[PDB]
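In: Begin with these chain(s), straight out of the complex:
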Amino acid sequence: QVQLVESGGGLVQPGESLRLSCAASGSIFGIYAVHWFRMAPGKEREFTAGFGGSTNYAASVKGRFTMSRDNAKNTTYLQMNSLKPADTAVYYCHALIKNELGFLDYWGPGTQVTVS
């Protein structure tokens, strides 16, 4: 299978940008439906951002979540400009990418971000 790893997780003060991306390692037939998620210590599953050639994000953060799609290295980037203390949650990237099997649905281990 193809392992997903997260890079760019770190301590970030409220007010600046965070760049978090999920790299894929293994037999990748190309990028496919990828969705980024968050969960705070106490809230349930919710859809944060992703696609729906149509890209969707969360409320009031449309201009702050900016992605950059790169297919040559089969991995994209995501940037969270002007973070807020209410965004303290673990981002999970779930990708249905094509493999030796028809598709693979995997959840990124994610990186904790503490914003306060």
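Out: Nice, thanks for sending it over. Residues are numbered from 1 along each chain as shown, chains lettered A, B, ... in the order given.
In: gap between the most centrally placed residue in chain A and residue A:51?
Out: Most central residue of chain A, judged by C-alpha distance to the mean C-alpha position with CA atoms, centre = their mean, is residue A:36 at 3.7 Å. Per CB to CB, to the nearest Å, residue A:36 is found 10 Å from residue A:51. In short, each C-beta sits where N, CA and C put it, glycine included.
In: Please apply the same query to residue A:42.
Out: 28 Å.
In: ditto for residue A:39
Out: Separation of residue A:39 from residue A:51 (CB to CB): 20 Å.
In: three-state assignment of the residue nearest to the centre of chain A?
Out: strand (DSSP: H, G, I helix; E, B strand; the rest coil).
In: So what pairs up with it in the strands?
Out: Residues in a beta bridge with residue A:36, per DSSP bridges, are residue A:49, residue A:93.
In: mind listing what it touches?
Out: Residues in contact with residue A:36 (CB atoms under 8 Å, 6 or more residues apart in numbering) are A:48, A:49, A:50, A:78, A:91, A:92, A:93.
In: my guess is residue A:39 meets residue A:90, correct?
Out: Yes: using CB atoms under 8 Å, residue A:39 and residue A:90 qualify as a contacting pair, with a distance of 6.0 Å.
In: Between those two, which contacts overlap?
Out: Here residue A:39 and residue A:90 share no contacting residue, scored by CB under 8 Å, 6+ apart.
In: Which one's more surrounded, residue A:42 and residue A:51?
Out: More crowded of residue A:42 and residue A:51, by other CB atoms under 10 Å: residue A:51, with 13 against 5.
In: right, and the more buried one touches residue A:31 too?
Out: No: the pair residue A:51 / residue A:31 is not scored as a contact, 10.4 Å apart, by CB under 8 Å.
In: and the biggest strand by length in chain A, how far out from the chain's middle?
Out: For chain A, the strand with the greatest residue count under DSSP state E is strand A:18-25. Computed by CA atoms, centre = their mean, to the nearest Å, the chain-centroid distance of strand A:18-25 equals 7 Å.
In: That one pairs with which strands, parallel or anti?
Out: strand A:3-7 (antiparallel), strand A:77-80 (antiparallel).
In: for chain A, what spans make up the strands?
Out: Remark: strands assigned in chain A by DSSP E are A:3-7, A:18-25, A:34-37, A:47-51, A:55-56, A:65-68, A:77-80, A:92-97, A:104-107.
In: Indicate which one of the ones you listed is closest to residue A:116.
Out: Set against residue A:116 and scored by CB to CB, those come closest in strand A:18-25, at 13.7 Å.
In: here's chain B, add it to the model above:
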Amino acid sequence: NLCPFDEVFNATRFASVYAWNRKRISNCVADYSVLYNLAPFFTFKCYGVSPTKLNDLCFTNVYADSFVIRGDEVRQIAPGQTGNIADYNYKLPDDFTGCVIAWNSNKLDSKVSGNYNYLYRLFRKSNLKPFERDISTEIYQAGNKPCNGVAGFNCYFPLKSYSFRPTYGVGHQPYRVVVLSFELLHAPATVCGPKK
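Out: Let me put chain B in with the others:
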């Protein structure tokens, strides 16, 4: 000769129901004795022929669909059955001719934090035709008020995620399911097991 049923029945992981993993198997020999004698199999009920004499019956086509669902909604596998998973993810027509097997994988599909890796479609404005996969996930709208961009009232994502944890008992069993179809085709019969 052996048909490659082993990797299907011994797959490491089973995909989501809306991304139901289906494979066409052809041009091999498919003995049913090993699968029939596979002890940990729990339910194996077939709908077209007797489920103990498939070897002498030769069929041109073999379709296998594998996935994981709740133990509560296993009886939703039946063709034409009601249910959110049947309506928005994958439906079985009442004329389907084939077999279905279900068993338990709770010891490997249970997460101490809750198995949220499994997902299922929940909203769809036009019911999917039999044997169809739908991937479009736009922001669904229901009322006459236009909906676009942010979520909220009349704007809900058409997918939902399972909640499976080891503390769950009866009614929340993560059960592995495989569905076999051998609908007759004009192509000559190729796949069938040895005859004693």
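In: tell me which residues form a beta bridge with residue B:24?
Out: Taking DSSP bridges as the rule, residue B:24 bridges to residue B:63.
In: Tell me how many other residues crowd the nearest residue to residue A:76 once chain neighbours are set aside.
Out: Nearest residue to residue A:76 in three dimensions, chain neighbours excluded: residue A:69, at 4.9 Å (CB to CB, 6 or more residues apart in numbering or on different chains). Here the count is done by other CB atoms under 10 Å in any protein chain shown, and residue A:69 has 11 residues near it.
In: in chain A, what residue is nearest chain B?
Out: When scored by CB to the nearest CB, chain A has residue A:59 as its residue closest to chain B, at 4.1 Å.
In: for that residue, what are its contacts?
Out: Counting by CB atoms under 8 Å, 6 or more residues apart in numbering or on different chains, residue A:59 touches B:150, B:151, B:152.
In: With residue B:27 instead?
Out: When contacts are counted by CB under 8 Å, 6+ apart, residue B:27 touches B:190, B:191.
In: Over to it. Which of the three states is it?
Out: Classified using three-state DSSP, residue B:27 is coil.
In: what are the phi and psi angles of it?
Out: phi 60, psi 50 (degrees, to the nearest 10).
In: pretty sure residue B:24 contacts residue B:65?
Out: No: with contact defined as CB under 8 Å, residue B:24 does not count as touching residue B:65 (10.6 Å).
In: More neighbours: those two, which one.
Out: residue B:65 (21 against 9).
In: any idea how far residue B:119 is from the closest residue to residue B:192 other than its chain neighbours?
Out: Closest residue in space to residue B:192, ignoring its immediate chain neighbours: residue B:58 at 3.5 Å, by CB to CB, 6+ apart. Between residue B:58 and residue B:119 the computed distance is 38 Å (CB to CB).
In: Between those two, point out the one with more neighbours.
Out: Between residue B:58 and residue B:119, residue B:119 has the larger neighbour count (other CB under 10 Å), namely 22 against 16.
In: and that one, what is it in contact with?
Out: For residue B:119, the contact set (CB under 8 Å, 6+ apart) comprises A:94, A:105, B:16, B:18, B:159, B:160, B:161, B:162.
In: ok, now residue B:189?
Out: Counting by CB under 8 Å, 6+ apart, residue B:189 touches B:58, B:59, B:60.
In: Same question for residue B:38.
Out: Counted by CB under 8 Å, 6+ apart, residue B:38 has contacts residue B:9.
In: Of all the residues in chain B, which one is nearest chain A?
Out: Going by CB to the nearest CB, chain A is nearest to residue B:150 of chain B, at 4.1 Å.
In: and chain C on top of that:
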Amino acid sequence: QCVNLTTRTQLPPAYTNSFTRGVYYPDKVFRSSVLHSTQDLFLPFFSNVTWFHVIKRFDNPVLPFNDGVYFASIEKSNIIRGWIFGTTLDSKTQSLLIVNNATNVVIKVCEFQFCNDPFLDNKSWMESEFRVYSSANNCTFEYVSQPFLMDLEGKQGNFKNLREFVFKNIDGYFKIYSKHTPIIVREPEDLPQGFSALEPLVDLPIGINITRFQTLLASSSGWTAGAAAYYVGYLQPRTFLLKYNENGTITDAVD
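Out: The block that follows adds chain C to the chains above:
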């Protein structure tokens, strides 16, 4: 991926009469030393077959298919690699590719976009443009087998190896009968007289409409190769009488 090869200088083909060729085993049933009559798809005697000689000068135009074709070729180096079959061959009709490379045989049932002049060839051989098609979208059947006693590479000289094919599609299933005829040291013109009885190879459980076909030969240009000769003829239903031997092989056949 191929540039337009061009470099084509076509000339009228040749026609040579069929003396003794066009004989195959009717079935896999064992007999011994008996006269039996048959009425099936056959090759008439002394009819013309199209001769192509290749020595620059290249000869491989489109070849229509109708109710089986008898092919022959005489060579050392086995310049020919494979064949193609189908009806339109433009990403809309199922296509059959066959070729036996150095190591094994590949049979491909899929949809394709070949080149204007597909090729796999400069006396030294290169495998360039082996993947003549550009698309492999809808592939259904695949098979692999041991190469059909091909000689690898080769040096130009006499032509000892005579190879003959009777490709046919009936009831969907495709049947191939062939035999290897070596050590023909005699200088080749027209055709030799030989009583071959081509033996079965494969009985692929496939089947499509085939109306034409082409074969494959072996710096996209400037290729240099020695002389070669091959032969193509059609088939029609007729009848014959065949005599087996005590072993159970045909010794003679008559019209």
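In: let's see the neighbour count of residue A:69 again after adding chain C.
Out: By other CB under 10 Å, the residues close to residue A:69 number 11.
In: try residue B:171
Out: For residue B:171, the neighbour count with other CB under 10 Å is 9.
In: Over to the one 5 residues further on?
Out: The number of residues packed around residue B:176, counting by other CB under 10 Å, is 22.
In: any idea how far the nearest residue to it once chain neighbours are set aside lies from residue B:171?
Out: Distance criterion CB to CB, 6+ apart; nearest residue to residue B:176, sequence neighbours excluded, is residue B:105 at 4.6 Å. Distance check for residue B:105 against residue B:171: by CB to CB, it reads 16 Å.
In: likewise residue B:98?
Out: Distance from residue B:98 to residue B:171, by CB to CB: 27 Å.
In: give me the residue from chain B nearest chain C.
Out: For chain B, CB to the nearest CB, closest residue to chain C: residue B:188, 5.8 Å.
In: isn't that residue right next to residue C:205, touching?
Out: Yes: under the criterion of CB under 8 Å, residue B:188 makes contact with residue C:205 at 5.8 Å.
In: hey, what's in contact with both of these two?
Out: Common neighbours of residue B:188 and residue C:205, using CB under 8 Å, 6+ apart, are residue C:172.
In: So what's the residue count around the closest residue to residue A:80 other than its chain neighbours?
Out: Spatially, and ignoring its direct neighbours in sequence, residue A:80 is nearest to residue A:18 (4.4 Å; CB to CB, 6+ apart). Applying other CB under 10 Å, we find 20 residues neighbouring residue A:18.
In: Check chain B for me, the residue farthest from its geometric middle.
Out: residue B:145 (36.1 Å).
In: measure that residue to residue B:125 for me?
Out: Taken as CB to CB, the span from residue B:145 to residue B:125 is 16 Å.
In: mind listing what the residue in chain A that chain C sits nearest to touches?
Out: Closest residue of chain A to chain C, CB to the nearest CB: residue A:29 (14.2 Å). Contacts for residue A:29 were tallied using CB under 8 Å, 6+ apart; they are A:97, A:98, A:99.
In: let's see it at 6 Å
Out: Shown in contact with residue A:29 (CB atoms under 6 Å, 6 or more residues apart in numbering or on different chains): residue A:98.
In: And residue A:27, by the same measure?
Out: Counting by CB under 6 Å, 6+ apart, residue A:27 has contacts A:99, A:100.
In: Apply 8 Å and report the result again.
Out: Here residue A:27 is in contact with A:2, A:99, A:100 (CB under 8 Å, 6+ apart).
In: do residue B:180 as well
Out: Counting by CB under 8 Å, 6+ apart, residue B:180 touches B:46, B:62, B:63, B:64, B:98, B:99, B:100, B:101.
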